[PDB]
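Colleague: Here's a structure for you.
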Amino acid sequence: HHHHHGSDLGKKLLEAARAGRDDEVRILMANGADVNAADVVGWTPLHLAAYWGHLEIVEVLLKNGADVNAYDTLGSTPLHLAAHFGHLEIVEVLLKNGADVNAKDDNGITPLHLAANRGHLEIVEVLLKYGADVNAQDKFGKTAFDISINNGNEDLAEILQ
Amino acid sequence: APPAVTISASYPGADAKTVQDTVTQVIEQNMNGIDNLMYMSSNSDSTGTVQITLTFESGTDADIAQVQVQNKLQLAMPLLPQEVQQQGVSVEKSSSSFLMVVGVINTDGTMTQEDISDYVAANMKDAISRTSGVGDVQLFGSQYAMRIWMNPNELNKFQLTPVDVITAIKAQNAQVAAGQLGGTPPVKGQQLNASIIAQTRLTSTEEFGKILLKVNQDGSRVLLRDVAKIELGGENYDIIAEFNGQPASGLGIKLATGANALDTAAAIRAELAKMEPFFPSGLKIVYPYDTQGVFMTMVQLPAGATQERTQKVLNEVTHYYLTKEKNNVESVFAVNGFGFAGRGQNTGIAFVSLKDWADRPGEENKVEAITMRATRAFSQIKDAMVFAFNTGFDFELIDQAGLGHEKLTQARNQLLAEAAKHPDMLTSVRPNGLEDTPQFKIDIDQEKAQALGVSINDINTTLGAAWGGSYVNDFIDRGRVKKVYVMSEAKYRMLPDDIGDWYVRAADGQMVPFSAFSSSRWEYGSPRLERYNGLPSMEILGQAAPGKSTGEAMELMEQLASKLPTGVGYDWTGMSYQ
Amino acid sequence: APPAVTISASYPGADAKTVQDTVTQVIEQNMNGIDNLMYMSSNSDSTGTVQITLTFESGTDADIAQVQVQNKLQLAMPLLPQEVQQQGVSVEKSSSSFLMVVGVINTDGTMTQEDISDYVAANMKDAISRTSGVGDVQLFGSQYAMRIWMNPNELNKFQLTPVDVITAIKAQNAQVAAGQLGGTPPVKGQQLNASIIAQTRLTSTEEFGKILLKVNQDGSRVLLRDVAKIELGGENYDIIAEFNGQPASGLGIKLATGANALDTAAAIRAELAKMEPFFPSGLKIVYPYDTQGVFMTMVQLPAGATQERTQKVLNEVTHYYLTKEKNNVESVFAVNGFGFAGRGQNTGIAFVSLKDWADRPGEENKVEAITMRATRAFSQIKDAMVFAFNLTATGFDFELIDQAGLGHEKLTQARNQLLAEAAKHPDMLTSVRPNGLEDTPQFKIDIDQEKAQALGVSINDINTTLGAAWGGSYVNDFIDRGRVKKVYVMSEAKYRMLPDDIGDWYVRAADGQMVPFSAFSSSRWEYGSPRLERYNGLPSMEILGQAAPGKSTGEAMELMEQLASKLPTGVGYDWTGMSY
């Protein structure tokens, strides 16, 4: 799950997965490009596409066997990124294609913790729907309920129920 | 031309956003009541550096603009962070281009790149800077500081932090006012008067090394050399230069607005003639760029790129001139870390000096053909804009309603995508700035810090001092005042895992590692945030396509821009203001 | 047109005497050796503000006057209190009066006065301020700040004080320089280079709300929202503006000395045109005072008078123009808390704009006649000087001066003596009046240093608790919608209204015990000044009046001099303004 450095076509793909050029991603995939090319921080194209919300690319990479559960050097998966930045459709897509709904980064932080913290309520419900352990604790002992108290977002607290 | 006053300040170890929101915005909000200001633009960089350029109406007296600017900055000085003020803020009226470069080398190679840069900084720069007509002086290198390079394993072993080292350096590299024996007013019959001398500044690595951090309960001594390596080294390490491939330092000199070019360069040479006799053996001045007979070569890599990547591209550039253009090129003065557009790990410049005009006979060996041939030859280089030089439009995309950085980028991109779909009118429509890069976001858990009794100031000082460095106070190096810096030794600040080897001391005296109270993630952020007349902006360059007028292309851009999201405006500047 | 340079400083929560003795006197002592200086005057206000006006020979180059004044001010800057320096001292070279007013309203009524003032301050004021020819720019209102409104009951409940609050805000609303992974010099071969980002400025009431003040011994948490209310709100609340009765903010713009009025007004309209397309829905600029077509109405109540009292008088004025003069008057732009005088709770001003020249036929419908009737009708209002005028050469401007350290109370006595004699010579002198303000009740509180020490309560903790609660403290900056703005702690209004409230505030001692203010202080009423004046560095009191029907000023000055010559030892005089 921790992927290593590609080259030329691995670089080209990463750079294009980020900018949202849907054309060029399709070219490079057909021409052999490593779908799990990582960068210096361990971000595959699926990470990059999840972070900058390019849904089309996310489905395309998944069509070509991309690791839905790629880890970056800190334990953080593409679902983490999409959940955190409120990219709903990508969250659906990733969990539909096998994303580990309970993945913990090095800090014990789950996609639920993150969706919770940034108030992304629709995404929180979808994570719960697909198995998300609501009592998952990060390294400081915090659940996503504890998060909802500290933020004082009562909409969330009632969702967690 | 329209005169320009430039404010420059810095903040050791600060990211762009930090520089922007503690320095740049503050200064910008206080640039009011100044006469004849056409427009104001700024950069805030992840080098911890800000440059604000205030551009005035043509006809404006540059002395007056300068003074008015300096005075406004003076009244804003107390709103800035102490770290910024104590670096010294500069304000300058100069040309953006260099008038000349003064090269310095050691022909006996006795002195490294660093020793030459210090020799230049400590013995040559100030007198050049005080010569009349000299607007701005760029050292291609750094003056020495006393570098205290901390070891986090040894600091933990004796239950110490960077806070303790800093505290101890301020107490034991001190210069004390102690008054006099028989001082005024004195008693009647006093026979003796003499100054009392207490602590003076330290002058050597030896003296810093015996700073006494703490006496253990068993009697033994922990000295600063027990938790740190101690050497003279640059205030920073970002600018390294070569002259025909050998180590060099130098001074890039800019002409003060309105001064004489020729008089100014004679005065400089005369001042250089005064310092030559006192040079150490080996040191020699070389004149690698005199304003044709000269040109430059810019090297811009994409942001994120290290000193090592940029050096490899500069070597190819230097190589081509030293091999393919042997017969026309006398020399190449090449600088890694400074470029046409300011400063970064990912930029560089080469100053090229040609042989005598008379020994370069024929159309093909003149400046125009040489630069053209070189641009052609460097255009193949991968992930580097590399051009050689001696027309278009200048457009600012502007955040008019608090949109923020991420959304103004999306709007930038939406503009560029549309402009690429009209190649008949617009070509080479690009940002002039940089792209967001991965950065390391660390969150201090306040709760956990509090429960363990670890103070946030000790945490943030430990973090900053170790990973960005900290300007503690001054010392005297061979009779010249200079700075003292604590930072981590390179090897304990290179990788994410290294964070967890730094320990902080709690109120109860136990040592607590960073991992106990922090957590971290990667995220994207800007290494260069831009601003135009006080608001966030993004500068876009382009030209009219062939057989199309400048005005029609501008007209197209204005149309294109009207279709951007709510909150995004624009403006013309520089070459496009008229 | 004699050029004036003006220095302005601000000290939140300071009385007039505090300003005078910590800021104004320090600056003034360095105002000498300046070319072409005729005289210098200043006011030190209980609004926490000082304004020193330096007046120069006509013909004097204004850029040089400003350069020299500021050169001298730099000698005093390190001696000024840090709370002044942080507000930003200003030095300006402008006309004393407005060139124009730029009004801003919301035609949907979907934004408050408070919101409109913020929008103006954050998106509009600076660019106007940088425009060439713009000497001075007055916001009619206040930029938003983050306000933490403290509750002393909740603070005492958890053994906290405002010092704890301030300390926690400086720590958890911070912008940390954290360096880089893989920065220079590196280990040769390093591939990774990333900036480290740690704490950034907070951006929202939600984030301030959750600042952690303490963890109890039982593990529960005290957050700042558990001891304070948290909202965006003015740096201060002293300036409130209306346009035709509807909520408004705006910009009062004075012209820089020597600058062209036409050109400069045009640059302003041009800069305003850049802003319009990006306004939120409903926001609209209107133009209530251009520079016969216009006039102002000064409203001056006596010292002690609250904002509500001043509002009624402004309402009466606005009402008169909108009912009685509605066929002549296009618009009225009323500002509560700023005026001719400078600024304070008992002042206001109305800018009035008349309809087209040719929509007012007749002599009784011109500015002279209108302002005459307006002033006539306003004359009947009590506890208020109100008058209207167009914007003389039979008036005089007298300065009574303390030349022997007699002090404020004696200079007042001496003043009343001069005024009472001028009021027994109606043949030569008509309405001889002070220009300034009268002393008012003020609450004098003594800290018993002995009791403080016995209890182990520090004096800094006492003075900061008092100052911050009852006066307000600028803590640091935060970022509101990408603009740097201030953060202020202060008591919520409820808890700083009445003298018994002093006793509700606790301070923590060395040994951890909470001590009420009542335990180490005593209080009594007394009188003091809310505007101390000075003329050429000495305490002073400006006295205005005019000659009597027929006799020329020079003879009225001759009598004022005779009257003065009989005042107690130490009291002297001098002539300023017109009379110089």
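Chains: A, B, ... in order of the structure tokens. Residues: from 1 per chain. Ligands: from 1, in order shown.
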For a quick test of understanding: name the residues of chain C lying within 6 Å of chain B when counting only C-alpha atoms, and present them as a ChimeraX atom specification.

Modeller: /C:86,129-130,132,135,177-182,184-187,194-198,278,481-482

Colleague: What would the file look like if the residues just selected were written as an mmCIF file, in the first residue's frame with N, CA, C and O atoms?

Modeller:
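Result saved to part.cif:
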```
data_model
loop_
_atom_site.group_PDB
_atom_site.id
_atom_site.type_symbol
_atom_site.label_atom_id
_atom_site.label_comp_id
_atom_site.auth_asym_id
_atom_site.auth_seq_id
_atom_site.Cartn_x
_atom_site.Cartn_y
_atom_site.Cartn_z
ATOM 1 N N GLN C 86 1.109 50.445 19.024
ATOM 2 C CA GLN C 86 0.393 49.371 18.300
ATOM 3 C C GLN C 86 -0.826 49.831 17.526
ATOM 4 O O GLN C 86 -1.193 49.170 16.566
ATOM 5 N N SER C 129 -7.606 55.928 0.752
ATOM 6 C CA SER C 129 -6.497 56.461 1.505
ATOM 7 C C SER C 129 -5.181 56.587 0.768
ATOM 8 O O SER C 129 -4.368 57.452 1.120
ATOM 9 N N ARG C 130 -4.943 55.724 -0.212
ATOM 10 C CA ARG C 130 -3.672 55.724 -0.957
ATOM 11 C C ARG C 130 -3.715 56.602 -2.182
ATOM 12 O O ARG C 130 -2.665 56.937 -2.758
ATOM 13 N N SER C 132 -3.675 59.625 -4.487
ATOM 14 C CA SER C 132 -2.962 60.908 -4.410
ATOM 15 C C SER C 132 -3.956 62.047 -4.257
ATOM 16 O O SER C 132 -5.079 62.015 -4.800
ATOM 17 N N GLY C 135 -5.575 63.571 1.785
ATOM 18 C CA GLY C 135 -4.843 63.920 2.999
ATOM 19 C C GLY C 135 -5.210 63.119 4.242
ATOM 20 O O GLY C 135 -4.327 62.734 5.024
ATOM 21 N N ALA C 177 6.221 30.717 12.979
ATOM 22 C CA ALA C 177 7.274 30.375 11.994
ATOM 23 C C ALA C 177 7.914 29.077 12.462
ATOM 24 O O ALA C 177 8.507 29.054 13.551
ATOM 25 N N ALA C 178 7.782 28.031 11.636
ATOM 26 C CA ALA C 178 8.128 26.688 12.007
ATOM 27 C C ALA C 178 9.197 26.055 11.149
ATOM 28 O O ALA C 178 9.518 24.902 11.381
ATOM 29 N N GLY C 179 9.725 26.775 10.159
ATOM 30 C CA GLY C 179 10.811 26.281 9.322
ATOM 31 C C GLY C 179 10.359 25.263 8.269
ATOM 32 O O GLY C 179 9.216 25.295 7.757
ATOM 33 N N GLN C 180 11.273 24.344 7.966
ATOM 34 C CA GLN C 180 11.155 23.448 6.846
ATOM 35 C C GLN C 180 11.738 22.097 7.150
ATOM 36 O O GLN C 180 12.699 22.030 7.860
ATOM 37 N N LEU C 181 11.156 21.038 6.586
ATOM 38 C CA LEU C 181 11.832 19.764 6.481
ATOM 39 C C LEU C 181 12.750 19.881 5.279
ATOM 40 O O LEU C 181 12.306 20.314 4.222
ATOM 41 N N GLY C 182 13.998 19.447 5.422
ATOM 42 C CA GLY C 182 14.900 19.406 4.281
ATOM 43 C C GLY C 182 15.364 20.761 3.802
ATOM 44 O O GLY C 182 15.729 20.916 2.643
ATOM 45 N N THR C 184 17.881 24.263 4.058
ATOM 46 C CA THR C 184 19.303 24.451 3.940
ATOM 47 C C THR C 184 19.963 24.855 5.260
ATOM 48 O O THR C 184 19.272 25.396 6.116
ATOM 49 N N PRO C 185 21.250 24.519 5.478
ATOM 50 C CA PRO C 185 21.990 23.508 4.697
ATOM 51 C C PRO C 185 21.419 22.112 4.953
ATOM 52 O O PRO C 185 21.038 21.817 6.097
ATOM 53 N N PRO C 186 21.321 21.269 3.907
ATOM 54 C CA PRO C 186 20.797 19.931 4.128
ATOM 55 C C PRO C 186 21.886 18.876 4.219
ATOM 56 O O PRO C 186 23.050 19.146 4.040
ATOM 57 N N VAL C 187 21.469 17.655 4.480
ATOM 58 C CA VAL C 187 22.316 16.503 4.228
ATOM 59 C C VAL C 187 22.338 16.301 2.701
ATOM 60 O O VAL C 187 21.283 16.251 2.069
ATOM 61 N N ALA C 194 9.818 20.581 2.154
ATOM 62 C CA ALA C 194 8.489 21.124 2.469
ATOM 63 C C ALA C 194 8.551 22.142 3.613
ATOM 64 O O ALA C 194 9.265 21.924 4.617
ATOM 65 N N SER C 195 7.775 23.212 3.491
ATOM 66 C CA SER C 195 7.649 24.175 4.588
ATOM 67 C C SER C 195 6.848 23.469 5.681
ATOM 68 O O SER C 195 5.993 22.664 5.347
ATOM 69 N N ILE C 196 7.108 23.783 6.953
ATOM 70 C CA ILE C 196 6.264 23.322 8.082
ATOM 71 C C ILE C 196 5.292 24.417 8.430
ATOM 72 O O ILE C 196 5.666 25.566 8.613
ATOM 73 N N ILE C 197 4.025 24.050 8.518
ATOM 74 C CA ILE C 197 2.950 24.969 8.845
ATOM 75 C C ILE C 197 2.437 24.514 10.187
ATOM 76 O O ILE C 197 2.015 23.365 10.318
ATOM 77 N N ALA C 198 2.460 25.393 11.184
ATOM 78 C CA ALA C 198 1.904 25.050 12.500
ATOM 79 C C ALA C 198 0.618 25.888 12.763
ATOM 80 O O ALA C 198 -0.261 25.936 11.901
ATOM 81 N N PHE C 278 -18.178 44.665 -7.473
ATOM 82 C CA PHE C 278 -17.941 43.587 -6.472
ATOM 83 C C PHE C 278 -18.637 43.750 -5.140
ATOM 84 O O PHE C 278 -18.451 42.944 -4.280
ATOM 85 N N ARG C 481 -12.003 36.933 6.795
ATOM 86 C CA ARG C 481 -12.178 36.863 5.326
ATOM 87 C C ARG C 481 -10.943 37.367 4.560
ATOM 88 O O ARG C 481 -11.074 38.239 3.669
ATOM 89 N N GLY C 482 -9.759 36.844 4.961
ATOM 90 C CA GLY C 482 -8.431 37.172 4.369
ATOM 91 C C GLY C 482 -7.840 38.568 4.601
ATOM 92 O O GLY C 482 -6.808 38.928 3.978
#
```

Colleague: Could you write out as a list in words the residues of chain C within 10 Å of chain A, counting only C-alpha atoms?

Modeller: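 Therefore, the residues near the partner are residues 191, 192, 193, 194, 206, 207, 209, 210, 211, 212, 221 and 223 of chain C.
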
Colleague: Could you write out that same residue set with C-alpha atoms as a CSV table (one decimal), in the first residue's frame?

Modeller:
```csv
chain,number,residue,atom,x,y,z
C,191,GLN,CA,15.0,14.8,-2.0
C,192,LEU,CA,12.2,16.1,0.3
C,193,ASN,CA,11.7,19.8,0.8
C,194,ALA,CA,8.5,21.1,2.5
C,206,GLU,CA,-16.2,29.4,16.3
C,207,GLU,CA,-12.4,29.1,16.5
C,209,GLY,CA,-14.9,30.0,21.1
C,210,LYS,CA,-12.9,26.8,21.4
C,211,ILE,CA,-9.6,28.3,22.7
C,212,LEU,CA,-8.7,26.1,25.7
C,221,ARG,CA,-12.6,21.7,29.9
C,223,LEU,CA,-13.4,27.0,26.9
```

Colleague: Only residues of chain A matter here; which ones have an atom within 8 Å of chain B, counting only C-alpha atoms? Give them as an MDAnalysis selection string.

Modeller: chainID A and resid 41 74 76 107 140

Colleague: Write down as an MDAnalysis selection string the residues belonging to segment 252-390 of chain B that are assigned helix (DSSP H, G or I) by DSSP computed on the backbone.

Modeller: chainID B and resid 261:278 307:323 357:359 363:365 367:378

Colleague: Quick one: residues within 9 Å of residue 122 of chain A, only C-alpha atoms, excluding same-chain residues fewer than 4 positions away - as a PDB file with N, CA and C atoms, in the first residue's frame?

Modeller:
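Just written: part-v3.pdb:
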```pdb
ATOM      1  N   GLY A  86     -14.453  17.756   1.847  1.00  0.00           N
ATOM      2  CA  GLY A  86     -15.861  17.840   1.529  1.00  0.00           C
ATOM      3  C   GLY A  86     -16.175  17.567   0.069  1.00  0.00           C
ATOM      4  N   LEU A  88     -17.932  15.084  -1.801  1.00  0.00           N
ATOM      5  CA  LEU A  88     -18.930  14.033  -1.513  1.00  0.00           C
ATOM      6  C   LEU A  88     -18.917  12.894  -2.509  1.00  0.00           C
ATOM      7  N   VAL A 126     -22.715   9.216   4.902  1.00  0.00           N
ATOM      8  CA  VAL A 126     -22.210   8.203   3.964  1.00  0.00           C
ATOM      9  C   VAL A 126     -21.125   7.319   4.593  1.00  0.00           C
ATOM     10  N   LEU A 127     -20.189   7.904   5.331  1.00  0.00           N
ATOM     11  CA  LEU A 127     -19.168   7.093   6.003  1.00  0.00           C
ATOM     12  C   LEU A 127     -19.800   6.106   6.998  1.00  0.00           C
TER      13      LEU A 127
END
```

Colleague: Near segment 90-97 of chain C, counting only C-alpha atoms, which residues have an atom at most 10 Å away, once you skip same-chain residues fewer than 4 positions from it, shown as a VMD selection string?

Modeller: (chain B and resid 30 32 to 34 71 to 72 75 to 76) or (chain C and resid 1 to 10 51 to 54 62 to 63 65 to 67 69 to 70 73 85 133 to 137 252 to 259 340 391)
